[PDB]
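J.: Below you will find the structure I want to go over with you.
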Amino acid sequence: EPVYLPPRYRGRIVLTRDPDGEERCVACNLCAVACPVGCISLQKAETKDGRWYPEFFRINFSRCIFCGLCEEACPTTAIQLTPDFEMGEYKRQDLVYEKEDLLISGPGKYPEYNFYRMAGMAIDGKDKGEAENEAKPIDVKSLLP
Amino acid sequence: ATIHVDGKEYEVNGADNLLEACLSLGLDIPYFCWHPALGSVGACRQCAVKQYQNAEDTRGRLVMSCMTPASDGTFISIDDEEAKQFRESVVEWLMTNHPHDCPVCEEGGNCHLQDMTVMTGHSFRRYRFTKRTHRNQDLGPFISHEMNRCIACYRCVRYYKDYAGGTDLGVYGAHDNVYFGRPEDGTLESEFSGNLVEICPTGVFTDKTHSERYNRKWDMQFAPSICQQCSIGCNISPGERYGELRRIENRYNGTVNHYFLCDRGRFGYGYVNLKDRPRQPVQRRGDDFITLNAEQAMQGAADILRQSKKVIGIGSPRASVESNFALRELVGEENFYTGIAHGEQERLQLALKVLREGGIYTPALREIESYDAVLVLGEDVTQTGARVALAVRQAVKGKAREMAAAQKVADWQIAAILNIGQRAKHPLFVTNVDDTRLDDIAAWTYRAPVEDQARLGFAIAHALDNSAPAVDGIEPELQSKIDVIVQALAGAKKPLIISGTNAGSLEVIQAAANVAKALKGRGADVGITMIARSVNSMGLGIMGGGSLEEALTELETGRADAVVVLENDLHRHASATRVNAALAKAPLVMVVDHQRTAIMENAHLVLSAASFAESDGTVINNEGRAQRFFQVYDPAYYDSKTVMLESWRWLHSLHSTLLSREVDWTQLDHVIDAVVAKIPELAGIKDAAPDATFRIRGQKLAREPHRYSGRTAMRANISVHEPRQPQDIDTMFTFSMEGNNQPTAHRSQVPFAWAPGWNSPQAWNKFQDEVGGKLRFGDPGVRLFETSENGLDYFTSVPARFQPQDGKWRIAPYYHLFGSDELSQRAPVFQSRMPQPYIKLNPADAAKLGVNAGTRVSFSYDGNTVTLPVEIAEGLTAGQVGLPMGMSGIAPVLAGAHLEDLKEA
Amino acid sequence: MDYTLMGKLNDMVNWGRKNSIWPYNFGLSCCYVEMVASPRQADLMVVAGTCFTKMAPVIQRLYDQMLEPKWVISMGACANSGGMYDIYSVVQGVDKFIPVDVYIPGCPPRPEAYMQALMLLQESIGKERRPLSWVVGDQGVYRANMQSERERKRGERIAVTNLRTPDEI
Amino acid sequence: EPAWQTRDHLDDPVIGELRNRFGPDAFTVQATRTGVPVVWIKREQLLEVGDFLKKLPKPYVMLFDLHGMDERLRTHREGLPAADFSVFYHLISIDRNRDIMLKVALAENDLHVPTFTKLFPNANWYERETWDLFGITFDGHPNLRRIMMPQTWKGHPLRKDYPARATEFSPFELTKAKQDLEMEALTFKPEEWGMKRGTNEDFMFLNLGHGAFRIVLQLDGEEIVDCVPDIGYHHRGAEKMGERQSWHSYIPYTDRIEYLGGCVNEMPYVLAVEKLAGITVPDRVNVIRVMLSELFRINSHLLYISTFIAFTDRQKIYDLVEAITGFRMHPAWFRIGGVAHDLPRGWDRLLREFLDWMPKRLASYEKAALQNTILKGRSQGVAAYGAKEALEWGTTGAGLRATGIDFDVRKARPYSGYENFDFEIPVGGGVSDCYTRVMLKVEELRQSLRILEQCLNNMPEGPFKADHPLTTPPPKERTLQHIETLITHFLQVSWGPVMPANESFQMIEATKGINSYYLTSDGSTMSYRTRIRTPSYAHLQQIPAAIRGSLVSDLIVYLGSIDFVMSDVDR
Ligand code: SF4
Ligand code: SF4
Ligand code: SF4
Ligand code: SF4
Ligand code: SF4
Ligand code: SF4
Ligand code: FES
Ligand SMILES: [Ca+2]
């Protein structure tokens, strides 16, 4: 029979997407520095509109102890530990998961959060002042006192 | 003075404010608007302490520690509950409008606002309303602008305007909509605009070049290095990640470059990351290029060197002292030639003779800011030695400092000082072939050919002291301005004479020496500064050797049938046709270089040398200061087949393989001991930094921060097995975080500043004895020579005035901070900031030529006809033609040469 | 498919070896007490724990006492790579000194992860060619370069969209 | 005046007694957050002070701990004597219910201390480990050999100039160590182990194979004359990792010490970090931590009783812990200032189903234990010691209470709101054999189920993380919404939380005795020193003194009766 795993179960790690379908990871490297094993490695790239994303992203699962500190440290909820434990491999080199092996097609355990809806940095589709709890930019040449 | 902080008695300087005094004692007070170099203004209101009237006072009063003098019998409390509450409140008010941007902010992990938010203890938001937002500006290729993150602390405008003297950055608007930026979109014009990325305590101004390949500060591998982009030798912290050089941070040196770099040294590091660099030894066999490892490259090179009759070595002022000495040992002292031209070498050795025999003390870069009058002769200081231009600006503001000190206004109260000294400033007299960037604060600017600048210098020396040779034919108005200069220089307590080899005239240097000698004869506390051209120009001058012309003569006559070229492209010091013919005549050309130069097509062997990021070595300042630079990273850590060794390592092993037919990859301290044994005038470089056996209580010095990430994944795509940590036998530094970087450690080489609670560039306060002073156990570096007991004689070779002769055109050198240097102009981010190739002409000469502004003229130099578009220069003199030195096709050796057949294409 | 250094009986031998596997469970550390025969009789060695420097020789000797054919399964991040103990007294992976056939990530892996490793090892044994006798034919072991498990399961893993939120049991 | 306030404990009567006996200038009293009077003694007065404390009217009878510290890189050493190294001695008085920490300062060129093996015999292994890891010699020690590292080890790994990380592997040294392990029986020299009378010549030396470790046995036929247990085969360098992880990211390593414990091993570390941080946690945090520690204690006790004589009870506990934390064995779920998440919706249903199903299993276990005459003949009377033997050897937990000494940490020195729970402490007669220890563990299982019932029945409503600014990490919804919380989270998960410079200490009742974390902060984001006292160390050292004159099967039964694991011994 299939094994029952609770929703909090710390298993295989994925990178998730936002409700708009774009990857949540802003390549802020907080997961890599919070990893006590140091088995996360990534690099920041930027789109033409200024959106931060990971150029690559790799996890050494042969080193990973599945402690969940990266998911706890993620401020966009991109990286998540999912309830799945079937990860046995023939070669240890195949236990290094690149971004194509981690980026799922959905939001994972957090179905709605979008960090770029809260950030003040302007990306495509969110100009200045269009994020949450943000006023429109008042021009410094305005007539109003 | 005596202060009591929280009941603890401290002894401080009574001329300081309480913020700098308490930061010097290791006490933590949050602050934003104060800078050690910019002074106190009291804007941000963050540094509040509670002052009491006496010991038996309980109610107190909140005072601002940066605007309060640390007088005797002072009673303050930092850890008072009301003071702590108000500091948290100030952080909270700043946090009300701050964007939720830390994961997508380049300042994160390096942010002073992050540090002070954590330090005040504010982590709970009770503000529910909207945040103000701002549009961003385009500030050019180097600085990225994000006005949302601003906390309105006014540090940027205070630095850029009051300190750096720039004019295109300001504060606009009012109550809570204050905006810090340019009046319109465009490139920031100041040569010191890069220091905004460390002055700004938030992420408003960030390194765009680093933002292209961003990594957080804890992920960097840092090393203490010396900037290689001119002769001033500013201390830097280059930091790498994944095998490429990522950032140049400033490294504090209380003697040289304290808080600030220039834009060339900060943003022209990108030649290290070029993908066409030599990464492996390559031997030319027919048309084939065979890649070798280190051993067989050394064997083949040694066999070819042993079968040849004479081997000559052409060094460079780019290469370190150790590399040039290793080449000198490999080829022999009499066969070693400096890679610079004869005229450049003559000017360089005259500058060295003036420095270490003229009996006039040459100041450090920090000490330039205390001189009472400045005369700059021929040297475009802003474009060739830019940090000297910044220090000159501070020395010019010294007059307002003295006026404010006369009214008992404290030295940190910068607004009162700038108010008292409104436009009064110390006398500055610059000379150039055209306008400079110091003309805004210059008391006088002289635009003249180099002969006339030298004649003005000789006339100033003659008027100061009649024993100096007299100048005939001085016009009455020029004599009146010479008398103005003489009255300003004679009355100064501390005059400073700045010149250099970039003006292209021996007589300019002689005139500067004459003015300095005349001022010293009157008992004045005169100092002299010489600006060399490259990072190790004075080291190559001290080492000595023949000129490049002699080496080419040896190659052309056939007396030398093997040439080893070290870190030299040979086209910036000689004509390209002659160099190409001479190297094509030789049956062995071996180029030991780290950049793909044009002479590698003729080369029979190319040794992939290491740049300053991948190597250790010593370089000599323009003031004669020996400074060690350490390797940042191992080039072979990620690419296992990369054979990219130090130049001195290559040459020492080549010498060992020539002598005893075995390779010998030596250690750096062995080469340094060889230098200080064979060359006694370079014996100071032994004390530039301690040896590889130096330990802080038994442990090496760490190159990377203690929270370094990705240890078991940064190379996992190459192999899942973790390689051995790279071994550094050369230096006291380790290629890991298993080491010491404590601020209280007894060392002088600090790879990067970090303290617990201070993750920003404000962490340097912990590594200093007093804030804004020196490092706690002294600055790194050592002067090679002291001031001589006896001076020189007066140089009596006074040139005649410039005669504009028909057909000839005297090439006036124009220097650009972005473009004149070779390696930095190879960096791809500089092509946006580079000027277009424009040949400068007088309106009279261009009208005679029938040429307007913008049309392209063709001129032939050394049998090579090239075409450039004409820019009209009003400040130029007739018979001169302006050329940008160091650019594509225009060698800096053309400075002072004549031109033929300048006609419209 | 490629391999790494008359036919039906080879499949018969492989089926016999595949269905009959006798483990030697090396204790070592806490992966053993998660997952719960002399080495001469056992043909599978399960390294479940940290390879300490003081008992790397013990593991090497008890591996050398086993007889061919022999397979190694490494459970847990410690035996995989050293795990979280990148420290002076810990060997960074048991594949530094013995050859490992199946690796399981986890700290510790579940017992069902060990069952999945047993199935992977069984497929690996079933798809390999070994000498039938030591007097006839090539005396070389032909390991098969099998398709990796993370590339085989890539489609269904990438296709995952929504998971249960962590606020419930 | 909170519990975490820095105190000097000058009102302690031990300070007045030491001042009246040795003079006021004989020692330096240090203000700490250890909760203990810390005094610095001259090295030449150390045995005198120890003998004076051994003979007080309510004497200090137990040496709880003894180890070293490298003080060379410690910058915030204000009010402290000049030391390059130091040796600390934690001594516990049970009648007084107090404890003291003596500290001896040592220069780098003179690293030797007089030995305490004439006062406290557990100082044997403590001083051997201090020599092995710091290089400090103890003069008068019977056999000062390495206990954690192999005898052919270069350097002392807990020194500050010794690199923490793993060096390059070598098959060269591996085959040397293999070849000396093959020739060890041939070249066994019985004074490289502290033995005597080696081959009488009727005596035989063997090696024996809860973790894997060797014990050298000296036999008169089948009677044990002497034995030395060879440990260090499970040494992970956890204390060195304490010096190389941030305060937050060291928590999984605290889990992997005493791997059957989980949250029980998590608890004293976060309690000592919160003492360093000046954090008082709310009541919901206290009850969550107590509930998880009691669940894991029940799991460990069930495993111990099943081993000594099952799978369903531990499976139910593992599903409950897996639902709460996401993991069974090493939850990594306690945080500085609170817990990682809130309790999931449905935790109470699982706990109620576990508590309604457990008492019949407990009745079955009591039937299988106290009514088993074969077990009651096999177990009692063998490897038995009284109160005096247990005190002098640092025995804690079930053995100490089985000697009749009523000392539990949860009652004498309460932590995490254990005084709010009504539970009993089982104490036996005067004899600590296998049988009495097993029944004490059964009674503690019953009391832990009582504590779990009280955790379920009145569970507080409130926060699962403290309001303190040093709570690592801050609550995740405020982190994802508020910029100052995002800043605090950013700097607390990357550089790490900054603990101000102090020394803290927390002892708890672990599943196998008293586990303590002694943390020294140098004001940075990592621990300057992490000292972990584990009870299995002190229990394993008592093995030679308890089976002098028993048989090898009796030694096997004694090994089964002691609750220990090798990760706890070696850490
Ligand atoms: S679960 Fe833990 S060990 Fe694994 S990648 Fe995340 S932080 Fe690293
Ligand atoms: S913490 Fe999250 S957003 Fe930041 S780099 Fe890691 S996965 Fe990406
Ligand atoms: S400026 Fe500092 S506090 Fe503001 S978003 Fe950037 S890192 Fe965060
Ligand atoms: S842009 Fe930066 S330096 Fe300028 S006022 Fe704003 S926060 Fe201060
Ligand atoms: S002034 Fe010269 S040495 Fe200093 S940063 Fe600029 S280029 Fe480098
Ligand atoms: S991988 Fe984890 S569970 Fe397994 S032995 Fe290592 S620490 Fe224990
Ligand atoms: S630092 Fe003093 S008010 Fe800003
Ligand atoms: Ca080197």
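Chain lettering (A, B, ...) mirrors the order of the structure tokens, residue numbering begins at 1 for each chain separately, and ligand numbering begins at 1 in order of display.
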Kindly determine which residues of chain B lie within 9 Å of chain C, considering only C-alpha atoms, and give the answer as a list in words.
T.: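 Output check: residues 720, 721 and 722 of chain B.
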J.: Each residue of chain A lying at most 10 Å from ligand 2 should get a row with its shortest atom-to-atom pair and the distance in Å to one decimal, counting only C-alpha atoms and all ligand atoms; could you produce that, ordered by chain and increasing number, as JSON lines?
T.:
```
{"residue": "A:14", "atom": "CA", "partner": "ligand 2", "partner_atom_place_in_ligand_line": "7 (S)", "distance": 8.9}
{"residue": "A:15", "atom": "CA", "partner": "ligand 2", "partner_atom_place_in_ligand_line": "7 (S)", "distance": 6.5}
{"residue": "A:16", "atom": "CA", "partner": "ligand 2", "partner_atom_place_in_ligand_line": "7 (S)", "distance": 8.6}
{"residue": "A:23", "atom": "CA", "partner": "ligand 2", "partner_atom_place_in_ligand_line": "8 (Fe)", "distance": 9.1}
{"residue": "A:24", "atom": "CA", "partner": "ligand 2", "partner_atom_place_in_ligand_line": "3 (S)", "distance": 6.5}
{"residue": "A:25", "atom": "CA", "partner": "ligand 2", "partner_atom_place_in_ligand_line": "8 (Fe)", "distance": 3.7}
{"residue": "A:26", "atom": "CA", "partner": "ligand 2", "partner_atom_place_in_ligand_line": "3 (S)", "distance": 4.4}
{"residue": "A:27", "atom": "CA", "partner": "ligand 2", "partner_atom_place_in_ligand_line": "5 (S)", "distance": 3.6}
{"residue": "A:28", "atom": "CA", "partner": "ligand 2", "partner_atom_place_in_ligand_line": "4 (Fe)", "distance": 3.9}
{"residue": "A:29", "atom": "CA", "partner": "ligand 2", "partner_atom_place_in_ligand_line": "5 (S)", "distance": 3.8}
{"residue": "A:30", "atom": "CA", "partner": "ligand 2", "partner_atom_place_in_ligand_line": "1 (S)", "distance": 4.2}
{"residue": "A:31", "atom": "CA", "partner": "ligand 2", "partner_atom_place_in_ligand_line": "1 (S)", "distance": 4.0}
{"residue": "A:32", "atom": "CA", "partner": "ligand 2", "partner_atom_place_in_ligand_line": "6 (Fe)", "distance": 6.4}
{"residue": "A:33", "atom": "CA", "partner": "ligand 2", "partner_atom_place_in_ligand_line": "1 (S)", "distance": 8.7}
{"residue": "A:34", "atom": "CA", "partner": "ligand 2", "partner_atom_place_in_ligand_line": "1 (S)", "distance": 8.5}
{"residue": "A:35", "atom": "CA", "partner": "ligand 2", "partner_atom_place_in_ligand_line": "6 (Fe)", "distance": 10.0}
{"residue": "A:40", "atom": "CA", "partner": "ligand 2", "partner_atom_place_in_ligand_line": "6 (Fe)", "distance": 8.3}
{"residue": "A:41", "atom": "CA", "partner": "ligand 2", "partner_atom_place_in_ligand_line": "5 (S)", "distance": 8.9}
{"residue": "A:42", "atom": "CA", "partner": "ligand 2", "partner_atom_place_in_ligand_line": "5 (S)", "distance": 7.1}
{"residue": "A:43", "atom": "CA", "partner": "ligand 2", "partner_atom_place_in_ligand_line": "5 (S)", "distance": 8.3}
{"residue": "A:44", "atom": "CA", "partner": "ligand 2", "partner_atom_place_in_ligand_line": "5 (S)", "distance": 8.1}
{"residue": "A:52", "atom": "CA", "partner": "ligand 2", "partner_atom_place_in_ligand_line": "3 (S)", "distance": 9.1}
{"residue": "A:53", "atom": "CA", "partner": "ligand 2", "partner_atom_place_in_ligand_line": "8 (Fe)", "distance": 7.6}
{"residue": "A:54", "atom": "CA", "partner": "ligand 2", "partner_atom_place_in_ligand_line": "8 (Fe)", "distance": 7.0}
{"residue": "A:57", "atom": "CA", "partner": "ligand 2", "partner_atom_place_in_ligand_line": "5 (S)", "distance": 8.5}
{"residue": "A:69", "atom": "CA", "partner": "ligand 2", "partner_atom_place_in_ligand_line": "1 (S)", "distance": 9.8}
{"residue": "A:70", "atom": "CA", "partner": "ligand 2", "partner_atom_place_in_ligand_line": "1 (S)", "distance": 6.5}
{"residue": "A:71", "atom": "CA", "partner": "ligand 2", "partner_atom_place_in_ligand_line": "1 (S)", "distance": 7.2}
{"residue": "A:72", "atom": "CA", "partner": "ligand 2", "partner_atom_place_in_ligand_line": "1 (S)", "distance": 8.5}
{"residue": "A:73", "atom": "CA", "partner": "ligand 2", "partner_atom_place_in_ligand_line": "1 (S)", "distance": 5.8}
{"residue": "A:74", "atom": "CA", "partner": "ligand 2", "partner_atom_place_in_ligand_line": "1 (S)", "distance": 3.5}
{"residue": "A:75", "atom": "CA", "partner": "ligand 2", "partner_atom_place_in_ligand_line": "2 (Fe)", "distance": 5.8}
{"residue": "A:76", "atom": "CA", "partner": "ligand 2", "partner_atom_place_in_ligand_line": "3 (S)", "distance": 5.1}
{"residue": "A:77", "atom": "CA", "partner": "ligand 2", "partner_atom_place_in_ligand_line": "2 (Fe)", "distance": 5.9}
{"residue": "A:78", "atom": "CA", "partner": "ligand 2", "partner_atom_place_in_ligand_line": "7 (S)", "distance": 4.8}
{"residue": "A:79", "atom": "CA", "partner": "ligand 2", "partner_atom_place_in_ligand_line": "7 (S)", "distance": 4.4}
{"residue": "A:80", "atom": "CA", "partner": "ligand 2", "partner_atom_place_in_ligand_line": "7 (S)", "distance": 8.1}
{"residue": "A:115", "atom": "CA", "partner": "ligand 2", "partner_atom_place_in_ligand_line": "3 (S)", "distance": 8.8}
```
J.: Dump as CSV the rows for residues of chain B within 9 Å of chain A: closest atom pair and distance in Å with one decimal, only C-alpha atoms counted, ordered by chain and rising residue number.
T.:
```
residue,atom,partner,partner_atom,distance
B:97,CA,A:134,CA,8.7
B:98,CA,A:120,CA,8.6
B:99,CA,A:120,CA,5.0
B:100,CA,A:119,CA,4.7
B:101,CA,A:119,CA,5.2
B:102,CA,A:28,CA,8.4
B:103,CA,A:28,CA,4.9
B:104,CA,A:28,CA,6.4
B:105,CA,A:28,CA,8.4
B:108,CA,A:28,CA,8.7
B:128,CA,A:133,CA,8.0
B:129,CA,A:133,CA,6.6
B:130,CA,A:133,CA,4.6
B:131,CA,A:134,CA,4.7
B:132,CA,A:135,CA,5.4
B:133,CA,A:137,CA,4.6
B:134,CA,A:137,CA,4.9
B:135,CA,A:137,CA,6.5
B:146,CA,A:121,CA,8.2
B:148,CA,A:120,CA,7.2
B:149,CA,A:120,CA,8.8
B:172,CA,A:140,CA,6.7
B:173,CA,A:140,CA,5.5
B:174,CA,A:140,CA,8.2
B:177,CA,A:140,CA,6.9
B:178,CA,A:140,CA,7.6
B:179,CA,A:140,CA,7.2
B:211,CA,A:44,CA,8.8
B:212,CA,A:45,CA,7.3
B:213,CA,A:44,CA,6.8
B:214,CA,A:44,CA,6.0
B:215,CA,A:44,CA,7.1
B:216,CA,A:29,CA,7.3
B:218,CA,A:33,CA,7.9
B:219,CA,A:33,CA,8.1
B:707,CA,A:33,CA,6.8
B:708,CA,A:33,CA,6.9
B:709,CA,A:33,CA,4.9
B:710,CA,A:38,CA,4.3
B:711,CA,A:38,CA,5.0
B:712,CA,A:39,CA,5.0
B:713,CA,A:39,CA,4.6
B:714,CA,A:41,CA,5.4
B:715,CA,A:41,CA,8.7
B:716,CA,A:96,CA,6.6
B:717,CA,A:96,CA,7.0
B:718,CA,A:93,CA,8.9
B:719,CA,A:93,CA,6.8
B:720,CA,A:93,CA,5.3
B:721,CA,A:93,CA,8.4
```
J.: Just checking: using only C-alpha atoms, which residue out of C:78, C:136, C:158, C:117 ends up closest to chain D?
T.: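 Among the listed residues, C:78 lies closest to chain D.
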J.: Using only C-alpha atoms and all ligand atoms, what are the residues with an atom within 9 Å of ligand 6, set out as an NGL selection string?
T.: (:A and (63-65)) or (:C and (28-34 or 48-51 or 75-80 or 82-85 or 105-109)) or (:D and (252-253 or 255-257 or 259 or 329-330))
J.: Let's see if you can do this: from backbone DSSP, list all helix (DSSP H, G or I) residues in segment 674-754 of chain B, as a PyMOL selection string.
T.: chain B and resi 674-678+680-687
J.: Can I get the selected residues back with C-alpha atoms, as an mmCIF file, in the first residue's frame?
T.:
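Saved to part10.cif:
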```cif
data_model
loop_
_atom_site.group_PDB
_atom_site.id
_atom_site.type_symbol
_atom_site.label_atom_id
_atom_site.label_comp_id
_atom_site.auth_asym_id
_atom_site.auth_seq_id
_atom_site.Cartn_x
_atom_site.Cartn_y
_atom_site.Cartn_z
ATOM 1 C CA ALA B 674 66.190 37.118 -3.572
ATOM 2 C CA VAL B 675 65.011 40.659 -4.402
ATOM 3 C CA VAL B 676 66.126 42.138 -1.082
ATOM 4 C CA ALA B 677 69.467 40.341 -1.328
ATOM 5 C CA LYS B 678 70.341 41.248 -4.919
ATOM 6 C CA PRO B 680 69.533 46.706 -1.890
ATOM 7 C CA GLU B 681 67.310 49.666 -2.816
ATOM 8 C CA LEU B 682 64.300 47.307 -2.890
ATOM 9 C CA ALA B 683 65.080 45.916 0.574
ATOM 10 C CA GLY B 684 61.983 47.566 2.040
ATOM 11 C CA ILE B 685 59.615 45.165 0.268
ATOM 12 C CA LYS B 686 60.462 42.449 2.800
ATOM 13 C CA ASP B 687 58.532 44.394 5.454
#
```
J.: Skipping near chain neighbours, those fewer than 5 positions away, what residues fall within 7 Å of residue 90 of chain A using only C-alpha atoms, listed as a VMD selection string?
T.: chain C and resid 101 to 103 148
J.: Store the residues picked out above in a file with C-alpha atoms, as a PDB file, in the first residue's frame.
T.:
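Result saved to result_8.pdb:
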```pdb
ATOM      1  CA  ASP C 101      25.887   0.509  -6.128  1.00  0.00           C
ATOM      2  CA  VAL C 102      22.804   2.319  -4.758  1.00  0.00           C
ATOM      3  CA  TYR C 103      22.647   5.593  -2.785  1.00  0.00           C
ATOM      4  CA  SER C 148      19.096   7.831 -13.743  1.00  0.00           C
TER       5      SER C 148
END
```
J.: Name the residues in contact with residue 130 of chain C at a cut-off of 7 Å, using only C-alpha atoms, excluding same-chain residues fewer than 6 positions from it; report them as a PyMOL selection string.
T.: chain C and resi 140-142
J.: Return the neighbours of chain B among the residues of chain D, cut-off 10 Å, counting only C-alpha atoms, as a ChimeraX atom specification.
T.: /D:72-73,75,84,159-169,244-246,467-471,474,478-492,494-500,522-526
J.: Return the neighbours of chain C among the residues of chain D, cut-off 9 Å, counting only C-alpha atoms, as JSON, numbers by chain.
T.: {"D": [149, 150, 157, 163, 164, 165, 166, 167, 168, 169, 170, 171, 174, 175, 176, 177, 178, 179, 181, 182, 210, 211, 212, 232, 233, 234, 235, 236, 237, 238, 240, 241, 252, 253, 256, 259, 260, 320, 322, 323, 324, 329, 330, 341, 342, 343, 344, 345, 346, 347, 350, 566, 567]}
J.: Just the number, please: distance in Å from atom CA of residue 472 of chain D to atom CA of residue 113 of chain A, one decimal.
T.: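 Interatomic distance, atom CA of residue 472 of chain D to atom CA of residue 113 of chain A: 21.8 Å.
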J.: Just to confirm, what's the straight-line distance from atom CA of residue 836 of chain B to atom CA of residue 885 of chain B in Å (one decimal)?
T.: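 Computing it gives 12.5 Å between the two atoms.
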J.: Excluding residue 60 of chain D and any residue of its chain fewer than 6 positions from it, enumerate the residues within 12 Å of it, using only C-alpha atoms, and give them as a compact mmCIF listing (two decimals) with N, CA and C atoms, in the first residue's frame.
T.:
```
# COMPACT_ATOMS: atom_id res chain seq x y z
N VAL D 14 28.41 28.95 49.62
CA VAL D 14 29.69 28.37 49.24
C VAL D 14 30.74 29.46 49.06
N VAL D 49 40.90 23.16 47.31
CA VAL D 49 39.53 23.64 47.19
C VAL D 49 38.58 22.48 46.92
N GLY D 50 38.99 21.53 46.08
CA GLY D 50 38.16 20.36 45.84
C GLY D 50 37.96 19.51 47.08
N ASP D 51 39.02 19.32 47.87
CA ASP D 51 38.90 18.58 49.12
C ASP D 51 38.07 19.34 50.15
N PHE D 52 38.12 20.67 50.12
CA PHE D 52 37.29 21.45 51.03
C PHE D 52 35.82 21.36 50.66
N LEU D 53 35.52 21.36 49.36
CA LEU D 53 34.14 21.23 48.92
C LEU D 53 33.61 19.82 49.14
N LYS D 54 34.50 18.82 49.12
CA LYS D 54 34.07 17.44 49.37
C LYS D 54 33.67 17.20 50.82
N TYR D 89 35.54 22.82 36.14
CA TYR D 89 35.12 21.71 36.98
C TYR D 89 33.75 22.06 37.53
N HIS D 90 32.72 21.38 37.05
CA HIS D 90 31.35 21.56 37.52
C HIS D 90 31.06 20.51 38.57
N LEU D 91 30.81 20.96 39.80
CA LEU D 91 30.59 20.12 40.97
C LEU D 91 29.19 20.35 41.51
N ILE D 92 28.46 19.26 41.76
CA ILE D 92 27.05 19.31 42.13
C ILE D 92 26.89 18.81 43.56
N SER D 93 26.24 19.61 44.40
CA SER D 93 25.81 19.19 45.72
C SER D 93 24.31 18.90 45.68
N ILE D 94 23.95 17.67 46.04
CA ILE D 94 22.55 17.24 45.99
C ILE D 94 21.82 17.60 47.28
N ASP D 95 22.48 17.43 48.43
CA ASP D 95 21.88 17.83 49.70
C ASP D 95 21.63 19.33 49.74
N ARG D 96 22.57 20.11 49.23
CA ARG D 96 22.40 21.55 49.14
C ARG D 96 21.53 21.96 47.97
N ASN D 97 21.34 21.07 46.99
CA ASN D 97 20.68 21.36 45.71
C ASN D 97 21.33 22.56 45.03
N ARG D 98 22.66 22.60 45.07
CA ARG D 98 23.41 23.68 44.44
C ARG D 98 24.51 23.07 43.59
N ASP D 99 25.22 23.94 42.89
CA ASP D 99 26.40 23.53 42.16
C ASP D 99 27.33 24.71 41.97
N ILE D 100 28.60 24.40 41.76
CA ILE D 100 29.63 25.41 41.63
C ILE D 100 30.49 25.04 40.43
N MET D 101 31.07 26.05 39.78
CA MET D 101 32.01 25.81 38.70
C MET D 101 33.33 26.46 39.05
N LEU D 119 40.00 12.61 43.95
CA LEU D 119 38.79 13.15 44.54
C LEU D 119 37.53 12.64 43.86
N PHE D 120 37.48 12.69 42.53
CA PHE D 120 36.31 12.25 41.77
C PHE D 120 36.76 11.32 40.66
N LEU D 391 27.14 8.26 43.10
CA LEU D 391 27.51 9.67 43.23
C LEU D 391 28.92 9.93 42.73
N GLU D 392 29.87 9.08 43.10
CA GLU D 392 31.26 9.35 42.75
C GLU D 392 31.57 9.10 41.29
```
J.: Enumerate the residues of segment 67-101 of chain D with a DSSP assignment of strand (DSSP E or B), computed from the backbone, and present them as an NGL selection string.
T.: :D and (67-70 or 85-93 or 98-101)
